[PDB]
Amino acid sequence: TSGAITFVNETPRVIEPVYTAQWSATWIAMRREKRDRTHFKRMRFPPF
Amino acid sequence: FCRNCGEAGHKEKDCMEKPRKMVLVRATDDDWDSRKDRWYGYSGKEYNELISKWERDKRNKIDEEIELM
Amino acid sequence: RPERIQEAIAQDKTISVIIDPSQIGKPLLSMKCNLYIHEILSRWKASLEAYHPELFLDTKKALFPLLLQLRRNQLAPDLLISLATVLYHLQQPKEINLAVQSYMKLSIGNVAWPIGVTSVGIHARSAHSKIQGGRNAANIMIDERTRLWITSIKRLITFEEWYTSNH
Ligand SMILES: [Zn+2]
C-alpha cells in the first residue's frame, strides 16, 4: 500500500499441443519474414 | 521431396510454407563489422520517410538603439 | 532622434578626459574613460597612413561593444577599475610601461589558475578538480567578445607608444 513492491500474482498455464502449435506457427512466420526482408534492422541496445 | 511445397530441395520438416491438408542471401564477408552491421542491404527507405516528413512539416511552416546609433 | 544625438554631442564637447586616481576606486568616470577611448581613436584617424591601416576597422568593430558598455554604465565595477587604471597610466606622459602592467592585471587578473588544467598525469586525485577553470578564470576567458575588446585596449596602447615616440 505504500508502493514498495508489486508482485505479478498469476501463473501462466497453457495447453501443451496448443502451445506447440502456436510456437510452430510463429517459427514458420519468422522464417518467412527473414527470407522476405532484404534489410532486417536489429535494434540497438540498451534501448534508452 | 517436400510434400506440400513441391520443390526438390528440402525435407518436409523444413518447408517454409504452411502445412496443408493435402531468394537472395548475404554473401559471406567475414569482417566483424560486416556481419554485425545494423544497416546492411540498406536501400534508403528510412531516410526517405524522414525527408518526406520534414518536407511536409516545412510545407506546413511556410532595429538600432538611440545611443547605439 | 537626431536631436538627442546633437545634444549628446554638445554635452560630449563639455565633459573632459581627466582620470583622477582617487576618482577610480561612477557614471562620470565611465564617461571620461569612454571619451578618452574616443580621443585615442581620433588620434589614429588623424594619422591613418603611416600605421597598419588594415587594423583600424577591425579595432573599431572589436571596441564598439566596450564603448557601448561605457556609454550605458553597464560595465562591471571590478573590471572597470582595472580598465581605468590602465587608461590612467596611458594618459600620463612617460609611464607607458605601467599601462601595460595594469593591462596584464586587466586581462589575466590575480586568479591562481587563469586557464584550467585537466588530467595532468596517470594518478588522479580529488584536489585536481580544484584546478580547472570554469569557476574562476581570467577576464580574457569570460566571453569571446570580451577577448576582442581587451586585446583592442592593448592595441591602442601600442598605438599610443608609437604616437609618443614620433609626434
Ligand atoms: Zn517443402
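Return only the number of the condition from (1) within 16 Å of the ligand (Cβ to nearest atom); (2) of a type in the set (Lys, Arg); (3) within 14 Å of chain A (Cβ to nearest Cβ) that B:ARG3 does not satisfy.
In the conditions (1) within 16 Å of the ligand (Cβ to nearest atom); (2) of a type in the set (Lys, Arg); (3) within 14 Å of chain A (Cβ to nearest Cβ), B:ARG3 misses (3) alone.
When you check A:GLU33 against the structure, is it acidic (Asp, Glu) and either within 10 Å of another protein chain (Cβ to nearest Cβ) or surrounded by 10 or more Cβ atoms within 10 Å (Cβ to Cβ) (or both), yes or no? Let's see the steps before the verdict.
On the way: acidic (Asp, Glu): yes; either within 10 Å of another protein chain (Cβ to nearest Cβ) or surrounded by 10 or more Cβ atoms within 10 Å (Cβ to Cβ) (or both): yes.
Yes; evaluated as a whole, the condition is true for this residue.
Is it the case that C:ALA127 is assigned to a helix (DSSP H, G or I) and surrounded by fewer than 12 Cβ atoms within 10 Å (Cβ to Cβ)? So that I can check it myself, show each step before the final result.
Details: assigned to a helix (DSSP H, G or I): yes; surrounded by fewer than 12 Cβ atoms within 10 Å (Cβ to Cβ): yes.
Spelling it out, C:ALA127 is indeed assigned to a helix (DSSP H, G or I) and surrounded by fewer than 12 Cβ atoms within 10 Å (Cβ to Cβ).
Which is more than 14 Å from every other protein chain (Cβ to nearest Cβ) and not in a loop (DSSP other than H, G, I, E, B), of C:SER82, C:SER16, C:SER30?
Values: C:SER16 fails: not in a loop (DSSP other than H, G, I, E, B); C:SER30 fails: more than 14 Å from every other protein chain (Cβ to nearest Cβ).
The conditions single out C:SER82.
I need a count of the residues in the range B:20-43 that are more than 16 Å from the ligand (Cβ to nearest atom), of a type in the set (A, V, I, L, M, F, W, C), over 20 Å from the mean Cα position of the chain (by Cα) and part of a loop (DSSP other than H, G, I, E, B).
Filtering the range B:20-43 for residues more than 16 Å from the ligand (Cβ to nearest atom) gives B:24-43.
Then drop every residue that is not of a type in the set (A, V, I, L, M, F, W, C), which leaves B:24-25, B:27, B:32, B:39.
Restricting the remaining residues to those that are over 20 Å from the mean Cα position of the chain (by Cα) gives B:32.
With part of a loop (DSSP other than H, G, I, E, B) added as a condition, the list becomes none.
Qualifying residue count for the region: 0.
Six or more apart or on different chains, Cβ atoms under 6 Å: show the pairs whose first residue is in the range B:7-24 and basic (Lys, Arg) and whose second is within 8 Å of the ligand (Cβ to nearest atom).
Here the result reads B:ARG20/B:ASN4, each pair linking the range B:7-24 to a residue that is within 8 Å of the ligand (Cβ to nearest atom).
Might you let me know whether the range B:19-38 holds any residue that is of a type in the set (A, V, I, L, M, F, W, C) and surrounded by 10 or more Cβ atoms within 10 Å (Cβ to Cβ)? It would help to see each step written out before you state the result.
From the range B:19-38, those of a type in the set (A, V, I, L, M, F, W, C) are B:22-25, B:27, B:32; that's our starting set.
Within this subset, residues satisfying the condition of being surrounded by 10 or more Cβ atoms within 10 Å (Cβ to Cβ) are none.
No, the range B:19-38 contains no residue that is of a type in the set (A, V, I, L, M, F, W, C) and surrounded by 10 or more Cβ atoms within 10 Å (Cβ to Cβ).
Specify which of the listed residues (B:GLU46, B:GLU17, B:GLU55) is under 26 Å from the mean Cα position of the chain (by Cα), within 16 Å of the ligand (Cβ to nearest atom) and of a type in the set (D, E, K, R).
Numbers: B:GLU46 fails: within 16 Å of the ligand (Cβ to nearest atom); B:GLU55 fails: within 16 Å of the ligand (Cβ to nearest atom).
The unique qualifying residue is B:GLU17.
Could you tell me which of the residues C:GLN69, C:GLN92, C:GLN132, C:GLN74 is out of contact with any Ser or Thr (no Cβ under 8 Å at 6 or more places or on another chain), more than 30 Å from B:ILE66 (Cα to Cα) and not β-branched (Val, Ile, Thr)?
Working: C:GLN69 fails: more than 30 Å from B:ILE66 (Cα to Cα); C:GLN132 fails: out of contact with any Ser or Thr (no Cβ under 8 Å at 6 or more places or on another chain); C:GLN74 fails: more than 30 Å from B:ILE66 (Cα to Cα).
Sole residue among the options that is out of contact with any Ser or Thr (no Cβ under 8 Å at 6 or more places or on another chain), more than 30 Å from B:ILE66 (Cα to Cα) and not β-branched (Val, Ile, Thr): C:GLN92.
With the structure loaded, tell me whether A:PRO12 is more than 9 Å from every other protein chain (Cβ to nearest Cβ) and within 27 Å of B:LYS36 (Cβ to Cβ) or whether it fails that test.
Numbers: more than 9 Å from every other protein chain (Cβ to nearest Cβ): yes; within 27 Å of B:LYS36 (Cβ to Cβ): no.
Answer is no for this residue.
Yes or no: the range C:106-120 includes at least one residue that is assigned to a helix (DSSP H, G or I) and surrounded by 14 or more Cβ atoms within 10 Å (Cβ to Cβ).
Kept after step one, since they are assigned to a helix (DSSP H, G or I), are these residues of the range C:106-120: C:106-107.
Subset that is surrounded by 14 or more Cβ atoms within 10 Å (Cβ to Cβ): C:106-107.
Yes, there is a match, as at least one residue in the range C:106-120 is assigned to a helix (DSSP H, G or I) and surrounded by 14 or more Cβ atoms within 10 Å (Cβ to Cβ).
We place every Cβ from the backbone using ideal geometry, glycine too, and count neighbours over all the protein chains shown. Here, each number is a calculation from the coordinates, and none is a lab measurement.
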